[PDB]
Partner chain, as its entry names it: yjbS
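Just the one chain here, the form solved without the partner chain, laid out as structure tokens.
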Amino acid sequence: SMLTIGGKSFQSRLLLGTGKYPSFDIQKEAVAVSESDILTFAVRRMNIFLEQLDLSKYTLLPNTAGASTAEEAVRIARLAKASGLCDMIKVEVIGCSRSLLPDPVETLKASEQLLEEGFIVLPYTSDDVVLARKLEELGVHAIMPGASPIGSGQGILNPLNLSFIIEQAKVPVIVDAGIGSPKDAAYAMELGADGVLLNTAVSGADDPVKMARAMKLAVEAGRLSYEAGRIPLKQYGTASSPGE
């Protein structure tokens, strides 16, 4: 089924970040060739606290990057909404300055509060399997487990956990950041994810426009493969596969 969040459907399963591109011209070009329908951005890092873009053609997913506690995240979200730049909110509460991995307690807390306030909520979380279900039980509109640490470029580090999260989900699962190249974006969709959220892997490339194109194709390719029923892994029964 077409990616649907909070009752709204999207033709593109690729969520694109904005803000760290070399220039607005390159950013606008990248956004276009990506064909993304949902654009995400760090609210804090903006004048109100992305130009040359007709926001009327996109759904805005501002995030609370910079927040250390649920309270700071709620403050940022309320401002985004009041500023008219929020169709849905990406709850992001980083709890480690070194790894930049999310704080589960604060994410759980902020998600519950923002749901009570009427927001369409999408929490950025780790690949902790039960935690993901806990977030869903609050009533969030999507769950966004990270493939790996933000900006690591390592791709998905724990396919097994991601598989558990996707298979138990009752709302869309979108792999968020930690992506480095098309192979990672494709793998996420191959595992059954409903979409992928990318930012630095594209804006940080030597040629952002080309990479944005590559990611668009990779997400499509991975989704098609998932739907097509790929071949299984051949069983050889050697020592490298204990129990086989």
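Positions refer to the first chain, counted from 1.
One more form of this protein should be noted, the form deposited with the partner chain bound, which is absent from this view; the next part is about it.
Taking non-hydrogen atoms only, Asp54 never approaches the partner chain to within 4.5 angstroms in the entry with it bound. In the entry with it bound, at least one heavy atom of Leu50 sits within 4.5 Å of the partner chain. Proximity of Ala67 to the partner chain in the entry with it bound falls outside the 4.5 Å heavy atom cutoff. Although the partner is absent here, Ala42 sits close enough that one of its heavy atoms falls within 4.5 Å of the partner chain in the entry with it bound.
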